[PDB]
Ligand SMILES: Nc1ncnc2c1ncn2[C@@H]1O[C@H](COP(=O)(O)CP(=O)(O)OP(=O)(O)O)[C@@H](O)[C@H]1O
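Presented below, as structure tokens, is a lone chain in the form deposited without the ligand.
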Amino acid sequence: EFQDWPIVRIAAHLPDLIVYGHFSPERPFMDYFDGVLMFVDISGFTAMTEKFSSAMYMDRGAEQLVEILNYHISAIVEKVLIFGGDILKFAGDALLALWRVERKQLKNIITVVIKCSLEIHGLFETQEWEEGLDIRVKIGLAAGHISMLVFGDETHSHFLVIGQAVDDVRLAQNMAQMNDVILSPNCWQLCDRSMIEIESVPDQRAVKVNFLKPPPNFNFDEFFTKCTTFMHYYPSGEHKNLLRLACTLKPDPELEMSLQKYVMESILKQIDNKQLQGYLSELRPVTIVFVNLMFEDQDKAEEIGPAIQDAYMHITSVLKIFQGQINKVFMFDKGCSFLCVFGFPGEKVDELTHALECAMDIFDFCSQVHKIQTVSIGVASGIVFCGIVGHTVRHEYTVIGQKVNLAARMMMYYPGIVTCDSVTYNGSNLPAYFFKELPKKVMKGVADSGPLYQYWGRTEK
């Protein structure tokens, strides 16, 4: 069976949630379901990101980084897929996966997902990034009601999953130490407590898995086979050796038109064999504009949806003018954030002045969108790693680096304003009184930030 059609290559960049969705063209589009979520990332990775920027890598740092990252993350991906999970999105060295199931099957699926989690940790027992540095992962699990949001215009589409289970998995995974599997409170509440031995996490209702101790007669393979009854797209029969059913997709121009809207044009160029397959793995100077949209505690998905949509419509128009791309969209703890990048495949130009002007335009517009409580934007400029991360069958373009993290922390630690780093401030074709030098905050994962500035804008008022 020939499988290497463009439609199949596009499907590598998307979950089954999207590939096999069959939803309307209205934007926003929302749907509601239940599932179990897994959030996982890799320890010692930042350490490596640093190693690969240095001269010892002889101009092949981005190539070597992408290789070693994909070596590890593709193993995680394969575990997830063989356990029946759907990888939703990647961000750097992190990924979110979903096992969508009927409410009645949540108990047994939690068991599957815990076993998957333990098998993931098992890959990394004894593993080192390099001699002297271990590679381990941290896992959070959650379960419950999940909403999906699809937003976009006639040319581009984005999706998010939303709700308390989504917030829960992020919180769980944040409490995890290397080697941990943390369960959300609701996940512990819904699980097969007869089989899962936990310990309390101090000052938290979330719990830590110590062991899976199944009954004497339990057989995991048989249990798993029964669970597959409820997995609509588990590869089976003649396709039992495939990691994904999506590998069997056949040409279908209406489906392909829908799916391509989720994928960046430079990626589609590679997929169409009009660009070299290695061209997107690079350490390149970019400017990151990280936009955070905060909603109220009580806001439901049905009001968040339209507001994201409205914000998006303006974001995309401004980025187009200023030559920027949306690299990734995230949502947790009532903040929807857009990781925007100026300068990447082909787009290099007063990149700084424009990133700042774009940020102010976004800030001013979004601040007026109904339901958006606070807009915050962090702007940082520097060398970042760009590349397609994941497995051959399930991968995405992503950006990794200290300036990405810096922009992300700025937007959270300095809410309600537009902030920029020192590179941006100094490089800009703009006068000093357009800025305000800020108090320096101690920020998680942040270096010495260097001086940080608010972009005040062109007038006092």
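We number the residues from 1 along the sequence you see. If you superpose the two forms and keep the largest set of C-alpha atoms that fall within 1.5 Å, you have the rigid core. Only residues modelled in both forms are compared.
If you look for the form solved in complex with the ligand, you will not find it shown, but the lines that follow are about it.
When the ligand is considered in the entry with it bound, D93 lines it closely, a heavy atom lying within 4.5 Å.
Using a 4.5 angstroms limit between non-hydrogen atoms, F332 touches the ligand in the entry with it bound. Although the partner is absent from this view, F45 contacts the ligand in the entry with it bound, with a non-hydrogen atom inside 4.5 angstroms. In the entry with it bound, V418 stays away from the ligand, with no heavy atom inside 4.5 Å.
The stretch that touches the ligand in the entry with it bound, counting heavy atoms within 4.5 Å, is 37-45, out of 418-426, 37-45, 432-440, 24-32. Proximity to the ligand in the entry with it bound holds for all of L339, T398 and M412, with the criterion being a heavy atom within 4.5 Å. Among the residues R100, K79, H354, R170, the one placing a heavy atom within 4.5 Å of the ligand in the entry with it bound is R170. Residues are counted as partner-facing when one of their heavy atoms sits within 4.5 Å of the ligand in the entry with it bound; in 364-387 not one qualifies.
Only one of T229, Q298, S200, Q368 has its Cα shifted by 2 Å or more between this form and the one not shown after fitting on the core, and that residue is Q298. With the core held fixed, the Cα of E265 is displaced between this form and the one not shown by less than 2 Å.
Comparing the forms between this form and the one not shown, the C-alpha position of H239 differs by less than 2 angstroms, with the core used for superposition. Core-superposed comparison between this form and the one not shown: the Cα of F385 travels less than 2 Å. Compared with the form shown here, the Cα atoms of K334 and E302 move at least 3 Å farther apart in the entry with it bound. Expansion of the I304-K334 CA spacing by 3 Å or more is recorded in the entry with it bound, set against this form.
Regions where at least three consecutive shared residues each shift by 2 Å or more at the C-alpha between this form and the one not shown, after core superposition, span 1-3, 43-47, 133-136, 297-299, 332-334.
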